[PDB]
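**Student:** Can you keep this structure in mind? I'll have questions shortly.
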Amino acid sequence: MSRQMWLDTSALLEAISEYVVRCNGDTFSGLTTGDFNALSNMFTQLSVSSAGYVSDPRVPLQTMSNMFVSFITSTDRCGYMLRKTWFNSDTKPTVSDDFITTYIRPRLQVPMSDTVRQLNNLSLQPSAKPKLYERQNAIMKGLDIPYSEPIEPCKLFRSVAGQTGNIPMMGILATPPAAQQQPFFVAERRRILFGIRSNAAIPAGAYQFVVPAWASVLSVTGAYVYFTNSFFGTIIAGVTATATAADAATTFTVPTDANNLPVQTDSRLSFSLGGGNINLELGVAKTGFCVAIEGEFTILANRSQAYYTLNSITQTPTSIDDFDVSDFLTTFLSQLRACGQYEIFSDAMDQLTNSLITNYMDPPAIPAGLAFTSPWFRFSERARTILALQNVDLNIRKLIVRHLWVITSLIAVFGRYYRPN
Amino acid sequence: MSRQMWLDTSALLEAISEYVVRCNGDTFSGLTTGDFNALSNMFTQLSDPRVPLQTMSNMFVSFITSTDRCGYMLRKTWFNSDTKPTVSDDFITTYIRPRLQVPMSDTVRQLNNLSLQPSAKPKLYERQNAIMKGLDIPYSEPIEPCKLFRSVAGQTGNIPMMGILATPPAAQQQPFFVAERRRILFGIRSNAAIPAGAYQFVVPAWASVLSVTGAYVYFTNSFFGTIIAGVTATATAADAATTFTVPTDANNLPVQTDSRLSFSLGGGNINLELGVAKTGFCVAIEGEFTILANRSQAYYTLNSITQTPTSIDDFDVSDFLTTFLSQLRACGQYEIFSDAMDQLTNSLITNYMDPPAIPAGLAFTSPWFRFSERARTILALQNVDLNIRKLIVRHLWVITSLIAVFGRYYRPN
Amino acid sequence: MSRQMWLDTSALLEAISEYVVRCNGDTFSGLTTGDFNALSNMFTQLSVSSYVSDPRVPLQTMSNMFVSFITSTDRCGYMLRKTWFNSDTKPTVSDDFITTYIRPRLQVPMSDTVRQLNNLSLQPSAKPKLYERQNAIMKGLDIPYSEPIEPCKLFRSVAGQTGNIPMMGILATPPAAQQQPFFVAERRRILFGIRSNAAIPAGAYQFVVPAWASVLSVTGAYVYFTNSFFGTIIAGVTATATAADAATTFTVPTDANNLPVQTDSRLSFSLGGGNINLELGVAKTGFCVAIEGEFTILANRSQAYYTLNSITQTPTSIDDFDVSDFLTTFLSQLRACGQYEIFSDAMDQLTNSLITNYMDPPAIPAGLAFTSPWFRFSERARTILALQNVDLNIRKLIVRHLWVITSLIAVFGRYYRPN
Amino acid sequence: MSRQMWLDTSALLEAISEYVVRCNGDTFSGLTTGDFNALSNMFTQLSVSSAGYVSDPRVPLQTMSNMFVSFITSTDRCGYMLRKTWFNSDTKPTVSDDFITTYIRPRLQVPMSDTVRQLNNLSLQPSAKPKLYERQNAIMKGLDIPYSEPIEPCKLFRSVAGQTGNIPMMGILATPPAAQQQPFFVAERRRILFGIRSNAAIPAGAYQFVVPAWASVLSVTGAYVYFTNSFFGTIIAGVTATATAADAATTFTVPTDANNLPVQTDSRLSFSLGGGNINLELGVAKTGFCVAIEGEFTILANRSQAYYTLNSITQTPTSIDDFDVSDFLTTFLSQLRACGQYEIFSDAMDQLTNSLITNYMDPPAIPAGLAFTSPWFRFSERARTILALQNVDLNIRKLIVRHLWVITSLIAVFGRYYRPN
Amino acid sequence: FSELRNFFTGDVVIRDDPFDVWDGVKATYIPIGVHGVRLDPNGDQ
Amino acid sequence: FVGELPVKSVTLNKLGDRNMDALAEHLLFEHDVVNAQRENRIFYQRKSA
C-alpha cells in the first residue's frame with residue numbers, strides 16, 4: 001500500500017540481512033546471542049503469523065521473494081504503485097492482492113523511530129556505507145542525511161554551463177594547451193581538483209574560481225591541499241608541479257573562514273566549498289597549475305536534498321550517478337542468472353519502466369524519441385536518457401528518475417531470495 | 001580432532017575477538033550490555049578472563065610446537081576428510097570440540113551469501129572454509145583484483161609487468177591485462193598509431209571471475225602510480241564514441257563517460273571498439289569488484305593456477321599474524337618458533353609425497369609468516385606432481401591461520 | 001571533575017552515539033531489539049539518575065549546558081590548570097554541569113581488562129573512537145597491535161628533510177646532480193629512494209629510517225619501483241626495467257632473509273630496528289622504492305605518535321590525531337544557530353588562558369598569533385609548537401592538553417540547540 | 001483464456017497424440033493396456049459435454065479441430081489472444097466464446113506437474129525430439145530445457161558482427177583465399193567448425209579464437225576433434241588436412257578445463273564451449289587449417305534461455321531458425337489441402353500475423369515496409385522479416401516473433417483433426 | 001532476562017466493546033396489495 | 001505509571017506461569033528485579049491500535 005508501507009517493510013528486510021551478517025559464524029551451540037534472538041524475532045514478523053513456526057529461515061524468505069517477482073513482473077498487479085500519486089502521498093490505495101496483504105504493511109515504530117533517526121544525523125561516526133533505506137527516504141521524502149556521512153564527490157557531479165563532464169574532461173586535461181584556457185573543476189573518488197592550465201606562464205596574484213553548483217555543498221576534514229598533475233591516474237598536461245624551497249607561500253580563502261588556507265603544507269585542513277567562490281592567491285607565477293583537495297568529503301549539513309532531489313540538475317543532457325543501486329543489485333542479478341529469468345525479467349522491467357514513464361505525461365502515451373541504450377539494471381544510464389527527453393518538462397523527468405529509482409531499489413531488496421524451481 | 005572440530009573452535013575464538021572489540025569502551029557501571037553478556041558466555045564456553053585466554057594460547061604453542069603432538073594434523077588425510085581421528089592429547093581434549101550449532105549455523109551461512117552488505121573484511125573462518133571444504137563466499141563481498149592474480153600464458157606477472165610498461169615501445173606489442181587494488185587495466189601499447197575498428201581481447205583466467213558494479217571506465221596511462229609509456233590518453237569533443245561489449249550484456253558499454261557501469265567479465269572476452277586511432281591505448285575499469293557466484297572456488301582452490309612457477313597472494317594471512325608475532329618478539333620465543341615452524345612445514349610437505357622424503361631442491365627464501373612467498377616456493381617444485389603442490393599450499397595455509405588465531409594471547413611464563 | 005571522570009562520560013556519550021547508529025532503521029513495532037535496550041539504558045545514565053520517552057530532550061539539555069560551561073572561563077577554569085591533565089584529585093569545584101553530568105561511568109577493573117584483551121584482537125576497529133586517542137594522548141596508554149593508520153599522519157619534521165608534502169614540489173623538479181635520500185609518506189604507502197640526473201651504480205645503499213617511521217610495520221604489502229607521489233610525478237627517477245634485470249632486494253634489522261622488490265609477493269616487515277639495506281641489482285638513473293600495504297604501529301611504540309616524542313625539531317609539521325573529523329557535526333550545529341562566531345571568540349579565549357597557566361610567570365608569551373581558528377588543530381598545534389620562548393616540553397603538554405579539550409567539545413556539543 | 005490454460009490443453013492434445021501412437025497396433029481383443037486405458041480416458045477429458053466411453057474417438061477430436069479453425073480464423077473471436085498482455089500475464093481474461101468455454105481450462109495436476117518437469121531436466125535420457133509443449137514453455141515462460149537433451153548446433157546459430165550468416169559463409173569457404181583471412185565459425189547438423197584459411201603457410205604456435213555468442217551455449221560429450229576440409233559436404237579450399245606420424249601434437253584448451261585437449265586423436269572428449277574462447281596450438285605450420293568438433297551437442301544448464309528468447313540476436317537483419325515448428329505443421333497442412341482451405345487459411349493467417357504486430361506498436365498501426373516474402377508456415381523466413389523492421393526497436397520485434405510462434409504452434413497442434421464436411 | 005522477554009512478546013488487537021451480533025432477525029418479503037401488473041413484452045422485431 | 005507518564009499495562013500477575021513479573025523476582029538483587037519489573041510495565045502494555 002502506502003509508499004510508506006513499502007519502505008517500512010524494505011527496512012525490515014534490510015534489517016534481516018544486517019542481522020544475518022551479524023550472526024554468520026556466531027551461532028554457537030550453548031547460547032542465544034542477542035543478535036541471533038533479534039534475527040529470530042525478525043523472521044517471525046516477516047511472515048503473516050498463519051505462516052507458523054520457522055524451522056528453516058531459508059523457506060519463508062525464499063517464498064516471499066518468489067511471490068515478489070511474480071508480482072513485480074505483472075503490470076496488472078503492481079500497476080497501482082506506478083501511478084504518479086503513489087510516490088507523492090501516504091494514501092492507502094484500494095487494491096486487493098494477496099502479496100501486499102501478506103508482506104507489505106507498516107512495520108516501523110512511531111514516533112520513536114523517526115526520533116532515533118534525527119538523533120543519528122548528529123552522531124559522531126555514521127555508517128560509512130549506508131542502507132538503501134536512508135537513500136530511499138532521501139530520494140522520495142527528501143529527508144536529511146547524517147552530517148558526518150562521507151561521500152565520493154565525483155558522484156555528486158552534474159553537468160554545468162562550462163564543462164559538461166567530469167570524466168570526459170580527462171581526455172582534454174591531458175592534451176597540451178593552445179593558450180591560457182578556462183578554469184576547470186573536477187572530482188575523483190577521494191579528492192577535488194581545480195585550476196588553470198596554459199602553454200604560457202601565469203603571473204602571481206589573485207585568481208577567482210566559481211565553485212560549481214554540484215560542488216557547492218561539499219565539506220572536507222583531514223584534508224591536504226597541494227599541487228598535482230594527475231586526474232584519476234591520467235596525467236594532466238599544461239601544468240607545473242614545481243616549487244622552490246623558498247617560494248612565496250600560496251594560499252586560498254573561502255567565504256566561510258576569515259583566515260587564509262595554506263597550500264602545499266603538512267597541515268590538515270577543514271573548510272567548506274559553500275557560500276561563494278574560492279579566492280586563490282598564487283604566490284609565485286606558474287606555467288599552468290592544478291590544486292588538489294584530498295581528504296574526507298561530506299555533504300554540508302542539511303543540503304543533501306540538492307543531490308537526491310535531483311535539483312543540482314541545471315542543463316540537459318546531463319551526467320548523473322545511480323545513487324549506488326548497482327552495488328545492491330549484484331545479488332538479485334546473480335540469483336536471476338542462476339535460474340534463467342535474467343531475460344524474462346529484463347523484458348518485464350522495460351514494460352514496468354515504460355508504463356511508469358507513461359503515467360507521468362498527459363496525454364497517456366510513451367513520448368516519442370525514447371529509446372534506451374541500456375538494461376534496467378544500469379540505472380545510471382537509463383536515468384541520463386530519461387533526463388534527456390526534450391519533449392517532457394524537466395521537473396517531470398526529474399520525478400520519473402526518482403520514482404524509477406525507488407522501484408529499482410525495492411527490487412534489489414525483496415528479490416534477493418528468488419528461487420522458483 | 002576433526003578438521004571441522006578445529007574450524008569450529010577457530011570460529012569461536014574469532015567470535016571471542018569480535019565481541020571483545022565490540023565491548024571495548026562500552027562497558028559501563030549499572031549497565032549490562034548484550035554484547036558483554038554474549039562475550040562472557042563465550043568465555044565460559046571456552047574454558048578475570050585474561051588468565052584463561054593465556055593458558056590456552058600457551059598450551060597451543062606448546063602443541064603446534066612438537067611434531068609428535070600435532071603430527072596427525074599434518075597428514076594428507078586430516079585435510080581431506082571429516083573422519084574423527086584417534087588421538088589423546090590433553091590439548092585437543094580440552095579445547096577442540098564442536099561449538100557451532102548444526103544445522104542452523106550452516107543455514108545462516110548461506111543466507112549470508114545473499115546478504116546486501118556482507119562484511120567488507122571477513123574473518124579467517126570464511127576463508128578457511130572456502131580453501132578447505134570449497135564453500136561459497138558472499139556474492140556481494142568485494143576483493144582487490146590484484147590478489148585474484150595468477151600467472152598466465154601471455155605474461156609472467158602483474159607487478160613485474162610494471163617496469164615493462166614504463167619502457168617506450170619498439171613496435172605495436174601484445175595485449176596486456178593487469179590489475180591494481182581498486183581497478184583493472186587492459187589495452188595495447190604501441191609507438192605507431194593504431195587504426196579504429198574492432199579489437200578482440202581475451203580475458204585472462206584469474207580475471208574471468210570478476211564482476212564490477214559502480215564503475216567508471218576511462219582511458220588512462222598510470223599503473224599503481226607509475227607512468228605507462230606508449231599510450232596516449234588524448235581526445236576531443238569531436239572524437240566518435242568508444243564503446244565495448246561483453247557476452248553477458250547485449251548492449252554497448254561506453255568508455256570515457258560519467259556514467260556508472262556494472263558489467264561482468266564472465267563471458268570470457270571483451271570486445272572493444274575504438275572510434276579514433278590512438279598512439280597506444282590503455283582502458284581502465286575502476287569500481288567495486290566482487291567475485292562471480294560459484295566461481296570463487298577457482299581462487300581459493302588454487303585451481304586458477306596454470307603455469308609454473310607462478311604468482312600467488314597469501315589469502316590475506318599476513319594481516320592476521322601481526323598480533324601473534326608482536327607477542328612472540330616480546331618473549332624472545334620469536335626464533336624458537338621460527339624454527340619449530342620450519343620443521344612443521346617440512347614434515348607436512350613430506351607426508352604428501354611417496355616415498356616420504358624432503359624432495360629435491362627445497363630451500364626456503366623466507367620465514368614462515370611470509371606465506372605469499374613460501375607458497376611461490378612450493379608451487380615451484382617441478383619434480384613433484386602439480387596437484388600435490390597446490391594441496392600442500394592450501395593445507396599449510398590452514399595451519400598457519402589456526403596459529404594466527406590461537407596464539408595471540410601467548411605469554412610463556 | 002577529575003580527568004578520568006570526563007573521559008568516562010565522554011566514552012558514554014560516545015557509546016550512546018554508537019548505539020544510536022546501531023538502532024537507525026532497526027526499530028520496529030512488534031519487536032524489541034537487544035540494541036535498543038542498551039541504548040535505552042544508556043539514556044538512563046545521563047538522565048538525572050533515572051525511562052525517557054524522547055531522548056532528544058535530555059541530550060539537547062545536556063549539550064546546551066555544556067556549551068554554556070566550556071564557554072565561560074570562570075566555570076571551566078579548573079579544567080585549564082596544568083594539574084588537571086595529570087592529577088586524578090577530586091577537584092574543589094561546585095558547578096551544576098559538572099555534578100549533573102560528569103561522574104565516573106566505566107566499570108573497574110573490568111573495562112581496563114577488556115581494553116587490553118582488545119589490543120590482541122584479530123580485527124580491531126579501523127576507525128576508532130575518540131576515547132582510544134584520549135587515553136593515548138593523555139595517559140599514554142597503548143593502541144591495539146593490529147590497528148592500521150596512514151603513515152603520512154605519523155610524519156613529523158626531521159633533520160634532513162623539513163616537510164613531507166613540501167617535498168612534492170622539489171621531487172617534481174629535474175635534479176642538478178645526485179641528491180640526498182628522501183623519506184616521504186602517503187595515505188596508503190611509504191616512499192624512499194634517491195634521484196640523480198646521472199646514473200647510480202648497482203650496489204649496496206644505506207637509508208636511515210626517520211625517527212617517525214621507526215615505528216611503522218606493514219603486512220600484505222607490494223614493494224616496487226615507482227615515479228609518483230600523491231598522484232604528482234617525480235622526476236629524476238626511472239621506473240623502467242627489463243625482464244632480464246638482476247633482482248633487487250633489501251634487508252631489515254629484524255628479518256635475516258631478503259625482501260624482494262618488483263615481485264607479486266606480499267611482504268611483511270617492520271621498519272623499527274635500524275636502517276633499510278637496499279641491494280640494487282641493475283644500475284639506474286634515479287630510483288624510487290615504494291612500500292604499499294597495510295600499516296601498523298609496532299606494539300608498545302605508539303607512545304611516540306600520541307605523546308609527541310617523535311617531535312625533535314622546531315618548527316615541526318603535525319596532524320590533529322583526526323579531531324577535525326569529529327568536530328564536523330558540532331560545527332554544523334554551531335553555524336545553524338549563528339553561534340559559530342561567538343564560540344570561536346570564546347575558544348581563542350580558552351586557548352589563551354590555557355597557554356597561560358603553563359608558563360611561569362603567568363602571561364601570554366610574546367610573538368604568539370594564531371593563523372587559524374580553534375578547529376584547525378593541525379595548524380594551531382604547529383604554531384604552539386613553534387614558540388622559541390618556551391621549553392619544548394611545556395609546548396607539547398599544551399598541544400596535548402589543548403587537544404583533549406577540543407576532543408571533549410567535539411563529543412559533548414553535538415546536540416546543541418539554544419533557541 | 002489464460003495463456004496457461006491454452007498451453008495446458010495443448011499438452012493434453014499433444015499427449016493424446018503420444019498415446020495414440022503408443023496404442024497403434026497394440027489394441028488387442030482380451031487385453032487391457034495401461035496405454036489404451038490412458039488414451040480412452042484422455043479422449044474423455046476433451047468435451048465438457050458428456051463423459052461416456054468414446055466408441056469412435058474420431059468424432060469429438062474432429063468437432064474440436066473444426067471448432068478451433070472456425071475460432072482461430074475470426075479476429076472478432078480470437079482477438080484477445082493477440083494482445084500484448086496475453087503473452088505476458090496469467091490474468092484470466094473476461095471473454096465469452098463457445099470454443100474457449102468447451103475446450104480450454106487448466107488440466108495439468110498441480111503442483112506435481114512442475115515437480116516432475118524439473119526432476120526431468122536432470123533425467124539421464126530425455127526425449128531426443130521434445131513435444132512442442134517444452135518449447136512453448138521455454139519460448140513463453142522462459143523455462144529450463146533438459147540438461148542433456150541433444151541439439152543441432154546450426155539451428156542454435158544467429159548472426160554475429162564478424163560473419164553475417166552460416167550456410168552462406170559456405171561459398172566463401174570454397175573460393176581459394178586472397179591472403180590469410182580472418183577466423184570463421186560455422187556449424188553443421190552434427191558438428192561445429194572453426195579455423196583460419198590462408199594461401200600462404202601460417203606459423204606453428206599459439207592462436208586465440210573467440211567463440212561466438214550463439215555457440216558459447218554449446219557443450220559436447222563423446223567427441224572426436226580433427227582437421228577436415230568439408231562443410232555440409234562442400235569442399236573448403238585454403239586449408240590442408242595433411243600430416244605425418246612425426247608431426248608434433250596439436251592441442252587446444254578451454255577455460256573450463258585446466259587440461260590440454262588433443263586433436264586428430266582417437267580419444268572421445270567432452271568440454272564446454274561456455275568458457276568464452278578456444279586456445280589452439282598448432283604443433284606444425286599448416287597452409288590453412290580447419291578444426292572440427294563432432295560429437296553429441298547439448299545446451300549448457302540455465303542457458304537455453306538465450307536461444308528460446310531470441311537474446312542471442314545482436315545484429316540486424318539476422319539468420320533465425322524456427323524452433324522446429326515447420327516439422328509439426330506438416331500434418332495440419334496436408335489436412336488443409338485435403339479439403340481445399342490451404343488457400344482460405346493463408347488469408348486469415350496474414351490477417352492474424354498482421355493484426356498481431358499492430359497491437360505491438362504504440363501508436364497502433366502497421367509498420368512501414370512490412371514486406372512478407374513468404375507464407376505463414378515458413379516461419380523461419382517470416383521471423384527474419386519481422387526482425388528486420390528498422391522502424392520498431394529490437395525488443396518489440398523479438399516479442400512479436402515469440403508471440404507469433406506460440407500461436408503458430410498452437411495451431412499445429414489443434415488443427416490436425418480438421419474435416420469441415 | 002531482557003531477551004527472555006523479547007522472545008515472549010506478541011500482539012492481539014481487540015475491540016474495546018464486543019460486537020453486538022444479531023441472530024434472530026426476521027427479514028421476509030411481503031407482497032403489496034392488488035396492483036396494476038404490466039407483463040413485460042417479448043423481445044420483438 | 002512509568003515515570004511521570006501514565007500507562008495502561010498488562011497485568012502479568014494474572015497470567016499464571018507467564019507472569020513475567022514473578023519470573024523476574026528470580027534475579028539476584030532487588031534492584032535488578034525492580035528494573036526488570038518496570039521494564040515489564042513498559043513492553044507489556046495496552047496501546048492504541
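Here's how to read the names in the C-alpha cells: chain A, B, ... by the order shown, residue numbers from 1 in each chain, ligand numbers from 1 in the order shown.
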With DSSP run on the backbone, what are the strand (DSSP E) residues within range 166-338 of chain D? I'd like them as number ranges by chain.
**Tutor:** D: 184-187, 191-196, 205-210, 218-227, 230-231, 234-235, 251-254, 257-262, 269-272, 277-282, 289-299
**Student:** Residues near residue 12 in chain F, anyone? I mean within 10 Å using only C-alpha atoms, not counting same-chain ones fewer than 5 positions away, as a list in words.
**Tutor:**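 Here the qualifying residues turn out to be residues 17, 18, 19, 20, 21, 22, 37, 40, 41, 44 and 45 of chain F.
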**Student:** Restricting the output to N, CA, C and O atoms, write the selected residues as a CSV table (one decimal), in the first residue's frame.
**Tutor:**
```
chain,number,residue,atom,x,y,z
F,17,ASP,N,1.9,-18.8,34.9
F,17,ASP,CA,3.4,-19.1,34.7
F,17,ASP,C,3.9,-18.3,33.5
F,17,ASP,O,4.9,-18.7,32.9
F,18,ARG,N,3.2,-17.2,33.1
F,18,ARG,CA,3.7,-16.3,32.0
F,18,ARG,C,3.7,-15.0,32.7
F,18,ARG,O,3.8,-13.9,32.0
F,19,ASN,N,3.7,-15.0,34.0
F,19,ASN,CA,3.8,-13.8,34.8
F,19,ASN,C,5.2,-13.3,34.8
F,19,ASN,O,5.9,-13.5,35.8
F,20,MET,N,5.6,-12.7,33.7
F,20,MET,CA,6.9,-12.2,33.6
F,20,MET,C,7.4,-11.4,34.9
F,20,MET,O,8.6,-11.4,35.2
F,21,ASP,N,6.5,-10.8,35.6
F,21,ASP,CA,6.9,-10.0,36.8
F,21,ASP,C,7.5,-11.0,37.8
F,21,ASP,O,8.5,-10.7,38.4
F,22,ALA,N,6.8,-12.1,38.1
F,22,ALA,CA,7.2,-13.1,39.0
F,22,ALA,C,8.5,-13.8,38.5
F,22,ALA,O,9.4,-14.0,39.3
F,37,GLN,N,11.1,-5.6,36.4
F,37,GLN,CA,9.6,-5.5,36.6
F,37,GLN,C,9.1,-4.2,36.0
F,37,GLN,O,7.9,-4.2,35.5
F,40,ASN,N,8.9,-4.4,32.4
F,40,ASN,CA,7.8,-5.2,32.0
F,40,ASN,C,6.6,-4.3,31.8
F,40,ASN,O,5.8,-4.5,30.9
F,41,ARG,N,6.4,-3.2,32.7
F,41,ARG,CA,5.3,-2.4,32.5
F,41,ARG,C,5.4,-1.5,31.3
F,41,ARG,O,4.5,-0.8,30.9
F,44,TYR,N,5.0,-4.7,28.1
F,44,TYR,CA,3.8,-5.5,28.1
F,44,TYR,C,2.6,-4.5,28.5
F,44,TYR,O,2.1,-4.6,29.6
F,45,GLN,N,2.3,-3.6,27.6
F,45,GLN,CA,1.2,-2.7,27.9
F,45,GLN,C,0.2,-2.5,26.7
F,45,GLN,O,0.4,-3.0,25.6
```
**Student:** Between chain B and chain F, at 12 Å or less, what are the per-residue closest atom pairs and their distances in Å? Count only C-alpha atoms, order by chain and rising residue number, and return it as JSON lines.
**Tutor:**
```
{"residue": "B:30", "atom": "CA", "partner": "F:32", "partner_atom": "CA", "distance": 9.7}
{"residue": "B:31", "atom": "CA", "partner": "F:32", "partner_atom": "CA", "distance": 10.3}
{"residue": "B:32", "atom": "CA", "partner": "F:32", "partner_atom": "CA", "distance": 10.7}
```
**Student:** Show me, as a ChimeraX atom specification, the residues of chain D whose atoms get within 7 Å of chain B, using only C-alpha atoms for the distance check.
**Tutor:** /D:213,255,275-277,314
**Student:** List the spatial neighbours of residue 245 in chain D as an NGL selection string - criterion: any atom at most 12 Å away, only C-alpha atoms, same-chain residues fewer than 3 positions off excluded.
**Tutor:** :D and (242 or 248-249 or 264-265 or 284)
